[PDB]
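Asker: Got a sequence here, can you build the structure:
(one chain, ligands or ions: 1)
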Amino acid sequence: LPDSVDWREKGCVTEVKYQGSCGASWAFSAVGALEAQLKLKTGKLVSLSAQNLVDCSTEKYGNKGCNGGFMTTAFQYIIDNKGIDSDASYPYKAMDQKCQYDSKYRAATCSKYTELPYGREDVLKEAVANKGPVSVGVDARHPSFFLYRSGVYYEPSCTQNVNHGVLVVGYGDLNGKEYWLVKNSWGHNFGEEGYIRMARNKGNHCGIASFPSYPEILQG
Ligand SMILES: CS(=O)(=O)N1CCc2c(c(-c3ccc(Cl)c(C#Cc4ccc(Cl)c(CNCc5ccccc5)c4)c3)nn2CCCN2CCOCC2)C1
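Answerer: Numbers count the residues shown, from 1 in each chain. The protein structure is shown below:
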């Protein structure tokens, strides 16, 4: 295991997106994870369509578009559907729409997904290092999360119950403060150009290791 990981250094992470007034964090978290796999497997980095997920991964997957959902079942949709469109072809409108999936513009598939054990920050570290970015939920409801600018985020009021989907794109230790490098979907003016470093190995802080999952694209 490397001491630090940052998947942006390997070109596996697309630009930070802006979810706006639609509670579709689950979709951004899922596409973020698959984007990294697509790049790993083909060398091409392309933004995948969060909107495709909002419109099409619905009641069969327990998802409710702009009213929330789950990364795991998002990946199952991609599996069942044999594909997801590129963001460019199926752009993001921050509102529920009719499903307009078009196989003509399918940019990625998903073979399977893996859910990691609850609260196991060691296992999360291993997956981030050896597999790629991991979809996770965090407890982001606290005012300190909204005001986060820099440093390593630690909120004594955080719980292990999650309420916002994000993407772990790495980890490190900022001068004696261990962190997870997290890509949010609140645009580049949140945190450090859209990213937040969140406390690592402090008892599953903000439930970051509560419900992790990552997709895979298998080659035979
Ligand atoms: C309450 S708990 O113990 O934290 N937990 C229970 C179990 C769980 C959970 C999750 C899971 C995974 C990822 C995410 Cl993003 C979520 C979520 C959520 C959520 C909850 C309440 C709310 Cl109100 C919201 C909406 N976001 C509000 C917000 C916006 C900005 C900042 C702060 C808050 C989202 C849940 N998977 N799982 C595993 C089971 C998933 N299946 C999927 C199929 O449908 C049944 C459950 C939640």
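Asker: quick check, residue 79 in a strand?
Answerer: No - checked against DSSP: H, G, I helix; E, B strand; the rest coil, residue 79 lies outside a strand; its state is helix.
Asker: Quick one: residues contacting it.
Answerer: Contact analysis of residue 79 by C-beta atoms under 8 Å, 6 or more residues apart in numbering lists 109, 110, 111, 112, 113. Backbone N, C-alpha and C define where each C-beta goes, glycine included.
Asker: residues contacting the second one?
Answerer: To tie it back to what came earlier, the one meant is residue 110. Applying C-beta under 8 Å, 6+ apart, the residues near residue 110 are 34, 37, 75, 78, 79, 84, 215, 216, 217.
Asker: what do you get if the cut-off is 7 Å, keeping everything else the same?
Answerer: Contact partners of residue 110, counting by C-beta atoms under 7 Å, 6 or more residues apart in numbering, are 34, 75, 78, 79, 215, 217.
Asker: try the fourth one
Answerer: The contact partners of residue 112, taken as C-beta under 7 Å, 6+ apart, are 216, 218.
Asker: go on, the last one?
Answerer: With contacts defined as C-beta under 7 Å, 6+ apart, residue 113 is in contact with 72, 75, 213, 214, 215, 216.
Asker: thinking residue 188 is in contact with residue 17, fair?
Answerer: No - look at residue 188 against residue 17 with C-beta atoms under 7 Å: they stay out of range, at 9.6 Å.
Asker: of these two, who's got more company?
Answerer: residue 17 (22 against 14; other C-beta atoms under 10 Å).
Asker: Compute the distance between that one and residue 1, please.
Answerer: Distance, residue 17 to residue 1, using C-beta to C-beta, to the nearest Å: 29 Å.
Asker: tell me the centre residue of the protein?
Answerer: Residue closest to the average C-alpha location in the chain (C-alpha atoms, centre = their mean): residue 29, at 2.5 Å.
Asker: what helix or strand is that one on?
Answerer: For residue 29, the host element (DSSP states H and E) is helix 25-42.
Asker: Just give me how far that helix sits from the chain centre.
Answerer: Once both centres are worked out by C-alpha atoms, centre = their mean, to the nearest Å, helix 25-42 turns out to sit 7 Å from its chain's centre.
Asker: Can you spell out which helices and strands pack onto the following helix or strand past that helix?
Answerer: Remark: after helix 25-42, the chain's next helix or strand is helix 50-56, criterion DSSP H and E. Secondary-structure packing of helix 50-56 (3 or more C-beta pairs under 7 Å, 6 or more residues apart in numbering; DSSP states H and E): helix 25-42, helix 71-81.
Asker: Before I go, just wanted to say thanks for your time.
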